[PDB]
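1. Fold the following.
(4 chains, ligands or ions: 3)
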Amino acid sequence: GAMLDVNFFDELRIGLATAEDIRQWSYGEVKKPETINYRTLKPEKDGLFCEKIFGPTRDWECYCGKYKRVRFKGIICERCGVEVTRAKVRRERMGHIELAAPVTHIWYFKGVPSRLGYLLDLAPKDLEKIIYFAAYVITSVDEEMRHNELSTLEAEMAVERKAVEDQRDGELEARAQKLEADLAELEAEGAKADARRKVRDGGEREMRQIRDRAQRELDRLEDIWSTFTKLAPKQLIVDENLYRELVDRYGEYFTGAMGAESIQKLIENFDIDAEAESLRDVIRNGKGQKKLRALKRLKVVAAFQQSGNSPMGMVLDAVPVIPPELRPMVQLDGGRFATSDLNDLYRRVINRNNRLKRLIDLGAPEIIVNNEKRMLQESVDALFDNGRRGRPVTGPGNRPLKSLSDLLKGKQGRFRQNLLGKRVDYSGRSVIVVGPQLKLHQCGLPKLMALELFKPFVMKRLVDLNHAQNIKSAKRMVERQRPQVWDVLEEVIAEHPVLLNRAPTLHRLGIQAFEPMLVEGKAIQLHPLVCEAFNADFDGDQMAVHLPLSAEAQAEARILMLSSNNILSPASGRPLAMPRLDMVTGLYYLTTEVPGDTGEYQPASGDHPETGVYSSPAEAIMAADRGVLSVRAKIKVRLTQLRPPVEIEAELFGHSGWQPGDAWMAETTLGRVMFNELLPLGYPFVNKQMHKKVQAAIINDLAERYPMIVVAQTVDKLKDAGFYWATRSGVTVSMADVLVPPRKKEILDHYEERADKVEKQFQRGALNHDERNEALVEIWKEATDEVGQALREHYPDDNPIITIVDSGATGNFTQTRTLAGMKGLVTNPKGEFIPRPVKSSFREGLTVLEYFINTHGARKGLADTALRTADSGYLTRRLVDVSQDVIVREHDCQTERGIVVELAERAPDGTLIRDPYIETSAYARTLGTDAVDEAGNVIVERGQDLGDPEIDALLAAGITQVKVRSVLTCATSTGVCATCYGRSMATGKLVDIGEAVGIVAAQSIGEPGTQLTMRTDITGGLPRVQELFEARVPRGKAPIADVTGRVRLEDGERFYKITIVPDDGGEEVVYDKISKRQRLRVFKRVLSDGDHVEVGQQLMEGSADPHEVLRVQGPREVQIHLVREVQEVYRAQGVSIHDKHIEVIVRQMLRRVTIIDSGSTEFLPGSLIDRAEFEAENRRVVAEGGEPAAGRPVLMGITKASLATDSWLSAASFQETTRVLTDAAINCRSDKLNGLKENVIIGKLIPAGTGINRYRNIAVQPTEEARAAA
Amino acid sequence: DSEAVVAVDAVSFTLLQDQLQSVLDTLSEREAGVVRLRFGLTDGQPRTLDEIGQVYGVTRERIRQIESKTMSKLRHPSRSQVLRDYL
DNA sequence: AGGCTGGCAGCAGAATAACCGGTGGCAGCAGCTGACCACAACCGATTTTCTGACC
DNA sequence: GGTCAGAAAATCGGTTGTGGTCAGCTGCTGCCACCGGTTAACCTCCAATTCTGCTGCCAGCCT
Ligand SMILES: [Mg+2]
Ligand SMILES: [Zn+2]
Ligand SMILES: [Zn+2]
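-> Numbering: from 1, shown residues only, chains lettered A, B, ... in the order given. Ligands and ions are numbered 1, 2, ... in the order given. Now the structure:
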């Protein structure tokens, strides 16, 4: 493969580098540990920085100085040696170090599982002892010479042991003669009876230890003969003395060694084909631990066997050296130097290697030479990965040095710090303020930032307008800010969008493209309707401004990413540029109606007519400008330019009232007329009260019936009138607008009596320490609810606080209850409720103890909100990494499969009640089969979008189930199709054929973090979502049934036990150790003994594990279960996600199958392969001879399914960088760059959006008649 | 990185070479060739006085007189303003 | 009589102090140059074109 | 009341002439910077949690 790195790529293949590749990459051998001369600062000869090896430092200027031009190019200076070329070849040329003894790679020995240990079948503790010089190893042994010398050497051994026994009986006879001499010299000495015999007992004890020593040496000789007779390769020999004795007695018949040289010899004497045949024989025949061990060995043995790799690359003879511009020595301001910590590791390797060469060529004993080799091995290991085996090598101040592998791992590595997220030019920050006179496609840009961003454009333009003569004087004029530059800057800033981005960017609407305009100031004036999408307050938050340069980038920022093209949210489809809180208070005040206000229509007669009617809204506005008519009083105008509602239109004009002209009478207020003049001309008259849900429904209906430019202009008009009537609304907070209820003392006394009675009963002793806590908690919860109800019925309907709450602007009622009323109960650092409670409201003022109690829950909430955003960011990262390869590739898979949808289940009395979760389950997805009603015709044909009129028609015709088309059944090969995806929620049309629906789904799921509170052992917040997507076994693991039948309940000690009696007379299934706290499941009735259960009924309360429901009820019912359990976490906090954003993630878990029977085709049991690869192999293999490999479905989480991908470049940048690279190297894996993250790293066009071949190869030319007419 | 390409000196150098090529091309051919070979604007190799005299077939005093006259002609402001702003 | 199956237990890893000799570099500088500007003059036609007399 | 040799202008260019002038080594000479070898009373062993997978280990039916 080429290495010039021009942009013609197809692959990126990683392998295992051999020594003949390393000394073919290198440009020369670095052989001195010198970097730079201390006085003249020039790179030393044959050092780590040598110009002869790594190229010259000065552009086309050699070292000694003999050749100094571009005329001399590629010539070698015959005195000094440097070639003359550029100085950027010092980042592209490597050197190598010639080791005097081989050294093993640390990656293939230490990281579990140890690949050297699996290849050679050596334990890791018996491999570290070899390669770190602690135990010998028999590399080879003779057989037939051993066979006949067994007889000859056992004859010699018997002779030697017989001579040992001869000296032993010499000892026996000598001690006998010594004891007889003691008998002669102690048989006639008058002494004690035992003192004359204790000397003989001491002599016999000396004989006893002589024969003990004889037993010791005979056991030593026996052990030596035993370990010769049981000698084999790959056998460790500890006790250097014993190995030495074997060497000097039996120097023939075997060879032994110690270290990486011995490991290299064992790898050379190794037959991969015979080893693989033995391993496959074991996995075909045996069972258990031996079969599991043989599978785990067969992984790496088959990896080394299938390719053209060799195992000999795991030991090294030549380390390579990274080029000297990637480990620079940079002189600071004032002679301080800075090196990059790799020069110390390379210097230690070079020093120890030179010392080893000196010791070997000198001639030194084995202790010194082996210590030197062990030191060299430890140096190379610390170079490749520091802190892997033993203590990390420290620098000054006791910090660990940064080795080669630490440039790659973690958040500080290359893959995450420089390849995926970079600093950019043409960018800047400021602090945002509110810009409520701007249009929706505009942003204010301060002039001092805009000048610095648009400096090259303004330099070109003020050279072309002859304000300057050239670029240098133009740049001087711009940097001195002479006053022509503003008149140029306005004309170069006209119609040129910029992107505004606010960190963190949780979802895709966090980057939007406005059209700038200049603003005298230093703050970026933002529109007040995009703060919900940006999630921006104005407490000092900051926003970043980028700038698109090329024509494609400006077209993208003008069409795809413009601010007034993204009204609807891509998650649920609700509008995000809807007016919020302040325009909502304004429009609610404008459209509410007050009974009995000024100028109200009254039909009182007998003397005078009605005097409430008006002839036009112009006359009504004149009367309201006088002091006669209030805006919110009921009148009878005569409208002529506002379209009537459908009933009045069909009554008066019937069909075709051409509403520019016709006249009709409306009994509304004047505020509703002024509101309906903002809506478009064809929109019918609303005549309601603008609660925020009513405004959301109006804007959603507008976005589904009218163009997006009309929706944007309507939203701006609503903003203007909302602010103007919010000012005149009289919304202020004072201390007299916060009224306290007048019965709070009576309610608190009535519950204080019951609390005192419960505490008195606890002092009596009729209930323990926890029952009184539960009773007090229940009493004060009832008291809190009663105080809140009294407050709600006491407050008038036109209070400022209750108007703010009731209009949907901000807040809820519990904040009003704690502001006036009762704070209630409070939590603990543990989480339980302190049963005091807090009986004072913040208007009355908390006391000292109540304030100190409240601070616990407040600070715990602050710390939890600090943690939860990092947790949600991690979840979004893993979801993006799993679902990055789901893009839309076709228009029709053309399948006939599809899921069923619940669609408004039946009522018991008999009618059709609408299911509540129908806007996130049935809307916006294409029908799969036709809808046929109770032996009738078609209501909705196959292929329709199934929107609101279709759903209304189906529910009117009275059907309940439809077969809708979903991405879990999309039958295309790579990526989902487009009719299976349904409509895009952000546009309202069908989804396009380049959309990145996986990234949209991942950001839509992971963005409503930080509003998933846990509670106040089943998890119920954010960690419930993480343990569903990771497909873990839950905490409250409630078992499920395995077969239909009758439950035989058994009650053991302190807990339960359930055994299900099958109806079909099958085997009884037993669940034993189900603990006390798991209460029994209740359906319809509690699960009693003798009850009847189905095949997949959950038996207890808790959470069934998703592996078990897959094993029992097939792959469909684990897709029902995962979607249902995720959506009940989001619905509890009032968050809407469509179900097609969860089915994209769920379809990416069940892609793979597990192999149970190999059959005849290369699939080891227990491995996980893709199902599209599995079925394509089975059709090829059972043709011409049927041997089908059998497979079962499997369910894997979102961390296993993104590390077991097909690309080693997308997998290494995710997680476990050292482990992913170290076995992609063994398999010689090739990446095809088909991904969406591999293309970001290497810097080419992503294959999604405007980077696919359908759209990138558009040929644009003028037409025939307009070419001629110009 | 205090020794990198400053991204405006490169484009300024390109415009300087363009302007110098223009002003050298608005002269006589022999004088322009003499100036180019004298200051090494052809291929980066400056040529000697006798080398220019050898390849143009005149004497070295004639060559240096032509060079002095051409240097005066370029130093004249009428040709020299548009390069005077560059330095 | 031990063995190989089973949990059980325990652990790695990832994410959030002098001498002496010698030898080559080196910088400083008179001292051959030797090519080179360099003014500076001095002529070698060269062409025009009056200037001067010729009959 | 007109034609032909001489005189007098820059002009393009060769000579030339020497008058320094600057460098290009060139010894060369002192020196200075750097590398290598040598020293003979004695005294001989170191300074946080969570999850997943792997391996070591001990009772214990089975032969
Ligand atoms: Mg803020
Ligand atoms: Zn050189
Ligand atoms: Zn499909």
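
2. Show me what the longest helix seen in chain A is packed against.
-> Using DSSP state H, we find that the single longest helix of chain A is helix A:144-184. Packing partners of helix A:144-184 (3 or more Cβ pairs under 8 Å, 6 or more residues apart in numbering or on different chains; DSSP states H and E): helix A:195-229. The way it works is simple: take the backbone N, C-alpha and C, and place the C-beta from them, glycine included.

3. hmm, back to that, the longest helix of chain A to helix A:195-229, inter-axis angle?
-> 180 degrees (axes from the mean of the first three to the mean of the last three Cα atoms, to 10 degrees).

4. now helix A:144-184: how far from the chain's centre is it?
-> Relative to its parent chain, helix A:144-184 has a centroid offset of 75 Å by Cα atoms, centre = their mean, to the nearest Å.

5. Enumerate every residue touching residue A:415.
-> Neighbour list for residue A:415: A:408, A:1212, A:1213, A:1217, A:1241 [criterion: Cβ atoms under 8 Å, 6 or more residues apart in numbering or on different chains].

6. Residue A:1005 and residue A:1139 touch, don't they?
-> No: at 11.2 Å, residue A:1005 does not count as touching residue A:1139 under the criterion of Cβ atoms under 8 Å.

7. Neighbour count: these two, which is higher?
-> Ranked by neighbour count (other Cβ atoms under 10 Å in any protein chain shown), residue A:1005 and residue A:1139 place residue A:1005 first, with 25 against 21.

8. so what's that one up against?
-> Taking Cβ under 8 Å, 6+ apart, we find residue A:1005 in contact with A:875, A:876, A:879, A:1126, A:1137, A:1141, A:1142, A:1145.

9. what number of residues lie near the residue lying closest to the third one once chain neighbours are set aside?
-> Excluding the flanking residues, the one nearest residue A:879 by Cβ to Cβ, 6 or more residues apart in numbering or on different chains is residue A:1002, at 3.7 Å. A total of 27 residues lie near residue A:1002 under the criterion other Cβ under 10 Å.

10. Can you tell me the element residue A:1002 falls in?
-> helix A:997-1006 (DSSP states H and E).

11. what's the spacing between that helix and its chain's center?
-> 12 Å.

12. Likewise for stretch A:997-1008?
-> In terms of Cα atoms, centre = their mean, the gap separating the centre of stretch A:997-1008 from the centre of its chain is 11 Å.

13. hmm, it touching ligand 3?
-> No: Stretch A:997-1008 lies out of reach of ligand 3 by Cβ under 5 Å from the ion, never closer than 12.0 Å.

14. Tell me where the stretch 351-500 of chain A has helices.
-> Along the stretch 351-500 of chain A, counting by DSSP state H, counting those that start in this stretch, helices occupy A:366-384, A:414-417, A:447-453, A:455-464, A:471-480, A:485-493.

15. For chain B, which residue gets nearest to chain A?
-> Taking Cβ to the nearest Cβ, chain A has its nearest neighbour within chain B at residue B:85, 4.8 Å off.

16. need the contact list for that residue.
-> A:469, A:470, A:472, A:473.

17. at 6 Å instead, please
-> Residue B:85 is in contact with A:469, A:470, counting by Cβ atoms under 6 Å, 6 or more residues apart in numbering or on different chains.

18. Next, give phi and psi for it.
-> Residue B:85 adopts backbone torsions of phi -70, psi -20, taken as degrees, to the nearest 10.

19. Distance check, the residue in chain A that chain B sits nearest to against residue B:81.
-> Nearest residue of chain A to chain B: residue A:469, at 4.8 Å (Cβ to the nearest Cβ). Here residue A:469 is placed at a distance of 9 Å from residue B:81 (Cβ to Cβ, to the nearest Å).

20. if we can go back for a sec, apart from its neighbours in sequence, what residue is nearest the residue of chain A closest to chain B?
-> Leaving aside its sequence neighbours, residue A:469 sits nearest to residue B:85 (Cβ to Cβ, 6+ apart; 4.8 Å).

21. who in chain A is up against ligand 1?
-> A:537, A:539, A:541.
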